[PDB]
Every structure is written in C-alpha cells, then in structure tokens.
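Engineer: Going by the numbering used here, the first sequence opens with residue -13, and the numbers climb by one from there. No residue lacks a Cβ here, since even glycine has one placed at the ideal position from N, Cα and C.
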Amino acid sequence: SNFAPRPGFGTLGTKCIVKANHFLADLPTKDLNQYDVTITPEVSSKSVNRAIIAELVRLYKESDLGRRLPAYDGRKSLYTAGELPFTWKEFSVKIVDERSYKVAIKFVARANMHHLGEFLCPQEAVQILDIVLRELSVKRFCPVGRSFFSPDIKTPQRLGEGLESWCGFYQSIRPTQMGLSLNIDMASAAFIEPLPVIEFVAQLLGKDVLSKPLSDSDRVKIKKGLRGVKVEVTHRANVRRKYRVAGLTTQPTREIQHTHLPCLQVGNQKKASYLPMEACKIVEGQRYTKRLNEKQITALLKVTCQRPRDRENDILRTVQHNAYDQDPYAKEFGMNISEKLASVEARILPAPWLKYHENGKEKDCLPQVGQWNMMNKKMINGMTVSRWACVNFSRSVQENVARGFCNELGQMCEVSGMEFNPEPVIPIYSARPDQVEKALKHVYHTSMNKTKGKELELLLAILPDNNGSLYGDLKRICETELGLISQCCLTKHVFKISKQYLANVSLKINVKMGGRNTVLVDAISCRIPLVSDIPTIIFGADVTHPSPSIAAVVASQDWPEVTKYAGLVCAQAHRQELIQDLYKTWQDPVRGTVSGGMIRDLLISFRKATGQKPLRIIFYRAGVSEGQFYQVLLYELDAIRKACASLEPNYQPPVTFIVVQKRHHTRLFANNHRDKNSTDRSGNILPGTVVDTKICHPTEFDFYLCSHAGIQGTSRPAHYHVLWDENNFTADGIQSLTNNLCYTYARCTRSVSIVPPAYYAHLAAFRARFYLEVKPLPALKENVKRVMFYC
RNA sequence: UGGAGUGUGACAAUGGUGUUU
RNA sequence: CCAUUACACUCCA
Ligand SMILES: [Mg+2]
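1) Assign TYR457 to one of three DSSP states: helix, strand, or coil.
2) With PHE9 and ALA328 assumed to form a contact (beta carbons below 8 Å), what rounded beta-carbon distance in angstroms separates them?
3) Let me check understanding here. Comparing Cα to Cα, which of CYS734, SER133, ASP50, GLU28 lies closest to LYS88?
4) Can you give the Cα-Cα distance for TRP358 and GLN272, rounded to whole angstroms?
5) Please work out which residues of its chain come closer than 7 Å, Cβ to Cβ, to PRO314, disregarding the five sequence neighbours upstream and downstream, and give them in chain order.
6) Below 9 Å between beta carbons: does that hold for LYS594 and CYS777?
7) For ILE283, which of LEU145, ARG381, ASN308 has the nearest alpha-carbon?
8) For a test of the three-state rule: what should DSSP assign to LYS662, helix, strand or coil?
9) Hey, out of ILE39, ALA765, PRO161, whose CA is closest to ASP116's CA?
10) Tell me whether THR466 sits in a helix, a strand or coil according to DSSP, three-state version.
11) Reducing DSSP to helix, strand and coil, say where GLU318 ends up.
12) How many whole angstroms separate the CB atoms of residue 832 and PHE134, which I take to be in contact at a CB cut-off of 8 Å?
13) Among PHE715, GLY674, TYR746, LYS680, which residue has its Cα nearest to the Cα of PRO353?
14) Excluding five sequence neighbours on each side, which residues of the same chain lie with their C-beta closer than 8 Å to the C-beta of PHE186?
15) Keeping to the same chain, check which residues put their C-beta closer than 8 Å to that of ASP300; ignore five residues upstream and five downstream.
16) Once the 5 residues before and after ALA37 are set aside, which same chain residues still bring their CB inside 6 Å of it?
17) Does the beta carbon of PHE525 fall short of 8 Å from some heavy atom of ligand 1?
18) Tell me which same chain residues have a C-beta within less than 7 Å of the C-beta of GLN598, skipping the five on either side of it?
19) At 3 residues or longer, and completely inside the region 234 to 273: list those beta strand (DSSP E) runs for me, N to C.
20) Please report the distance separating the alpha-carbon of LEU261 from that of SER31.
21) State the start and end residues of the unbroken alpha helix (DSSP H) segment that holds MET398.
22) Can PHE605 be considered in contact with ligand 1, in the sense that its beta carbon sits closer than 8 Å to one or more heavy atoms?
23) Taking the Cβ atom as the reference point for each residue, do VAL219 and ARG213 lie within a distance shorter than 9 Å?
24) Quick check on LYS88: does DSSP put it in helix, strand or coil?
25) Classify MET434 as helix, strand or coil using the three-state DSSP reduction.
26) Give the straight-line distance between the Cα atoms of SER455 and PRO742, rounded to the nearest whole angstrom.
27) Determine whether the beta carbon atoms of residue 787 and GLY(-6) lie at a separation below 9 Å.
28) Give the DSSP-derived three-state secondary structure of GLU622 in the structure shown.
29) Should the region -5 to 4 be regarded as contacting the region 652 to 663, the criterion being three or more beta carbon pairs within less than 8 Å?
30) DSSP has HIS707 in a bridge; who is on the other side?
31) Tell me the start and end of each unbroken alpha helix (DSSP H) in the region 459 to 533 that is at least 4 residues and wholly inside, in chain order.
32) Is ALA608 near ligand 1 - that is, is its Cβ less than 8 Å away from at least one heavy atom of it?
33) Let me check you understand the geometry: is the CB of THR0 closer than 8 Å to at least one non-hydrogen atom of ligand 1?
34) Restricting to Cα atoms, I'd like to know which of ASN452, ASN663, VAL411 is closest to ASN435.
35) Are the region 667 to 681 and the region 85 to 104 touching by the rule of at least three beta carbon pairs closer than 8 Å?
36) How many whole angstroms separate the CB atoms of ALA750 and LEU763, which I take to be in contact at a CB cut-off of 8 Å?
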C-alpha cells in the first residue's frame, strides 16, 4: 500500500539554525506539450542524434515551430512550451561530419501541469524540470557521466604537468516541503589543459625537449599521455578539422627549428599523416582518464575537501554564475528558482550519559562534543582469558618484539577492565607465510596434545603489511571447519606501539570474545522509550555487490543493553536488492516443511540468549536505492511476517522498517560560521543535528541526522527514511533513539555516522568475501556464531 | 588488517577506429 | 572512440 505518514515535528535539545543546499525552484505557469520522436535510419548514437534535432529546430524554428524553442529529452521524448501550430510534420536533415536522417514529430499524449502540485506521487513535474536542466547542460557545458561542468565558475587550479581543476555541479530535482527544490552540489574532476604543445610537453616531462636528445622513456610517457587526445591543426587557418591522435611516430622530423621532434599518427593508421608539433593546438573538450600521480592526487584532494564555509560559498557561486534567470529556456518555459541557500531551524540533540563499571576513578562519561576517550575508566563487562596463543606470520618482527607487543596489549587489556592471562599456552614461533594450513592446525592441536582439551580462546596472529591472500586464508581457515577467534594486527603497528592503538584494540578484543564494553544510562536504568518496556531486537541488513551477491543480517541479543549484535551471513543470486534468503523452506522426507533463513535462526539465538521471546522487532534495513523502496518493503517484511509464524504459531510482533541511506548529496552548514555554532574545529554542525523541517519528503517520515563528528571536509548526514512502522513511534522518539543509539559502538569510543545496527551489517557482509570459495558459503562453525566475529 | 570521517576512477591490460599530410 | 574477458587522505589518549 503506502508508507507511514509523518506524526509530527519533535522538540528536544538546543534549537539553532542550519543552512543547506536546496535552492527553491517554483514550477512554471505555461502549458507544456509532449511530442514523440521517430528517426530513420534507426541507430542509438545519442550525441550525434541530438545534433539532428538541434539542426531541425534551427532550420524550421520559424517555418513550422513558430519561433518557440522546444525542449529535447534525447532518447525518446520532447517537450514544448505551449502548443506548436502543427500536429504532425516530417523533415529530413543531415549531420555535419554521409547518410541523411529523416525525423517525424507527432503528438501522442500530454500531461500538462500540476501533477506534483496536487501531490504536495506523479513525478511528471520533476521529470520535466530534470529534462530542462539536462538540456541546459548539453547546450552550455560538457557532460561527463552525470556531473557535468565547465570552467570560469572558479579560477582553474593547476594540478600539475598540464592538468586543470574544472570544478562543477551534480544537481538533482527533488520534491520537498519547499516545493520542487533544486539540489546543486559540487563535485570536482580533473580535465586536460589547452596550451601550446612546446611548453605543454616541457611541463609534462618536467624539462625542455629542444636542448636534450630524445629518449625511449620520454617517448613512452608522451605516447601514454597523448593516446586519445584531440588536436586542432593551426598550420592552415582557413581549414580546421578535429584530427584524432592515434599515437607517436618513431622517426625524426627530417622525413620549425625543432629537428628532433617526432610527428604523430594524425588521423589513423590508414591515413598516414605526419606534421610538426608547434603548428597545432590542444582541445579542452576531452577529460583526463589515465592515472594521476600522488602529487596531483593531493593537489586535487585539497580542492574537493574544502572546509564547509568554502564549500557553501562555492555552492552559492555556482548558481549565481549559472544564471537561471534571464536564460532563454527559463524565459520561454516559465521556470524560476532562487539564488540563496535554503534556511532551516533544526535543533541539536543532547549527548547521552554513559555509565561504566563501578570500579575506576569515574563511573560516568558524557560525550562532550561527540567523541570521548576511555581514559580513567573501565568497561562494564570484562571477559577473562585463560588460554591463548600467538602465531607470527612475518620475518621482520622477531620473537622479542612480537612477544613485547603481545604483553603490552595484555597489560592494556588488564588496565581497561578484563583479565588477560600472560604466559601463553604455546609460545610464538614465527611461522612461514606459505605453510598457512600447517601452521594454523599445528598451533591449534599443540594445545590439545598439551593442555588436555582446553581449547584456544584467542589465537593472536601478527601478519605482514601486504596481505597477498594471507589474511583471507588465515581468517578463513581460522573460523571455517576450525572454530577459533583471531586478532590479526599489522607489522607497521607492532613497532609503533601507542597507547591509543592498544586501548582501541583491547576494546575490540573484549567485545570480540563474548562480552560488552559500554552502555547508555537510560537503557540500563529503564528510561529509553519503546525500547525498555518489552524486548526489542534492533536488526540490521546490508547487500554489497562485487559471483554471488552476499548479504548480512545482525540482531540484538539482550534486554537491558543493546550492545551485543550476533548475526548470520549468506549468499544468493547476483546483484539484486532484496534478499530471498530470509525465509527458505527446503523439503525434508522424514520431517515436514523445515523453516530456516536468518530471521528464524537469529530469533532462536535471541531466545536462547535472554530467556524470553522478543515482543517488538525493529528491522533497520540499510543500503537500498531511492526508487525501489516498494519492492524491498514488500519482500523484506513478508519474509519476516512469514518466518515469525513458523517457529511458533500466532506470533507476529510489530516491525518497523527504517531504511538508511548515506550515498546522497544534501549537505548542511551552520548558519553563522564565525561563532561556536560549528564544532569549533573542522567546521560542521554539532554531532547530533536532526533536520526534519523544510528539507524532507513532505508526506513521509524521515530526517537528516548528522550524529557523527566531522574530522575533515563536510559531514554527510545520514538519511533515515523511516518507511514503515507499527509501534506508533513518536517522531521525536525515533530521532532520540537513533541519535542515542549510535553511541553504543563496540570498536569505537565515538559516535558512528550510520548507526551500529545498519553498520555491523556492512561489516558482516564485507567479511564474507574471504569465506566465499548461488554456490553455498562454507558453514560458520558454532564456536563463533553468538560472538561478534567482525566488530 | 585499531578505529571513525570523506575523498576518487577501473592508478591498467590487448586489439581496432571513414572526409588527409 | 568501439570491442575483449578498486585505492588514498585526514584525525584520535
Ligand atoms: Mg554496507
């Protein structure tokens, strides 16, 4: 059917003002007509075929069009302001490059206007606006994929050795409470720099060529750079042609004082044309597609990761130079936009109190800005360690330094709040990287032959800087068909022992061997709404594409805390959004219809872990497209509703889908960038910033939470589009729960951007690549299934 | 693979390519 | 311009 309508606008925290990149764009007021396109001969050739329509319009603008300028979609559509006098006419025009093309224009149907005004979901107004913007793009700028751009909107910075910056925008048209908002966001991509060939080559090779003899390496570099670059001949001014470059010659010019400069394969191999260098010019249309060295990489990254003030100013400059007003298409079409950034008055939620073990000189810690250290504190649950062995997989690290690091980690784990028994069961012996299977069963079975059945609890395994499938084999045979827990580190970290490194790996180990580390005061004192009254299992999900498209699910496993997330991973058909593996019913001869999947074998785990069935499910889906919400919301919910009625009949708790999307471009900036509204360090809105006002989907329920601190660049807010709910969650309730929950992250001592339930699913679906060998994945041994093996 | 954040295209392969110099 | 069969930077106590 439909989704869950928005219940209201919540109120919490300290209200403030944040400005975003959403330029208001009023829909036009003139009638629009749709005319089909039919061209013979029929070939795709989209760029060339658009020129056919352009020439047709230019030739017949007064004869038949009536001085009105049509809007051309390209592939199969065409739009016009008003109605043209004719209804069907045929004309033939030819591309200037020879086979003439005949085109017929006819009227088929017309969705005139106000198909989204009544909505504020027929996307006809959005589609027409997108078509108009794309026509403007193809008319004025040079498109490269979807983020088209051109210079003179900013001074083109020189990346180096003949490259150019050419910053530009990546717009989209999206319905919003404002009404048909425009979404200018800037993306940068290097382009090739026009220049006289002499100095161009001189700066490309770093030295002048006239004063030095030619060399093989210079020729290789020149041909690699110039393979595919367009060139314009300036030898004859009257005649100019778009001569393509096929390669570099291997013959001197003697076959213009530059005698030693070889010519080029002008045209192609069949047309052997050889001409000197200084009688030509470089065309700027093409884009650099080859590799960029790690000098130009840094030079370009300095531009695309500007501070948010420098980004909002650039975004505001893009439109003020785009000049949508006094533009022929808008004037003849009626489209009008604004030129100032959208202003909203969203509010900053407060950071939640966190409580630690009764020991330590402080049992409480509130995240000051959004990040807090574990100094002077201790974890809630410390899991004791009795048996553990260290295997070294490198030659640089010796028996002294490896054991020293391994003991420093143990001391750090002791001081962080768990027992770590030193003096390993089997001493390190620096196994060879090649005999991986032999070493990894030798270490496991030496204990069984020595300690009499005391299975290893933590097999430490230092590995070299470059994996080379060593990580894959190690942490594949270390959990498949051989149950174990590994905490592999890097050689470049063992020598550089740092307190932060040790105290952040200790946290992972403690949460990795069956325990928990931090918990909110509210969830343990029973004050979080809708989470602490009946048992809530906050799921997660993810689908990663690369070869089966593996997918993961992670659940919750306890009442007072929501910190432990054990989950399952599987494989299905290739490259599809929805996951068909949630509920599977194979046929059993002796039994009936055996029910499996993840949302059965993961609820059974919850029952075994806490003692009682869960009476509220929050499936918290992640990583889905913006247009196929419906199919996911259908299948991923029908699978749950059919699986829950299989373990025990008449049991269906209220689910609450919340799809999370981070791959969007709607930034948020603090209103006053000259005060402490930002984080006063690497400017950005304060960690925690819910924007549900004036930038959302008007008849739906979503928010642009920004719960993560911004270390560098502009923080990209997460878009928790809460699709379907049956808990009657308060709109402030979801915002408070989601901001308050992303502070219980295991590996970190910070607040993640996308929250742990939808972030663990991205790790469990990423680790299974190494396990992979429709083909079934190797079984995960029961030894590590309830214990978080990834985070 | 200590971890968070945000940055980018196959940092790279082979062959082929009409209106002339 | 057609056909073939994935990396860095920043920051942490
Ligand atoms: Mg993911």
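Structural biologist: So, to answer that:
1) helix
2) 7 Å
3) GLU28
4) 48 Å
5) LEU55
6) no
7) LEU145
8) coil
9) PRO161
10) coil
11) helix
12) Outside the displayed range of the chain (-13 to 777) lies residue 832, so it cannot be described from this structure.
13) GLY674
14) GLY148, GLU179, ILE268
15) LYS140, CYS153, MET172, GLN292
16) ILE81
17) no
18) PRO521
19) 250 to 253, 266 to 268
20) 31 Å
21) 385 to 402
22) no
23) no
24) strand
25) helix
26) 28 Å
27) Because the chain here runs from -13 to 777, residue 787 falls outside it and cannot be looked at.
28) helix
29) yes
30) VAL645
31) 477 to 480, 485 to 498, 507 to 510
32) yes
33) no
34) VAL411
35) no
36) Going by Cβ atoms, the distance from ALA750 to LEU763 rounds to 12 Å, so no, they are not a contact pair.
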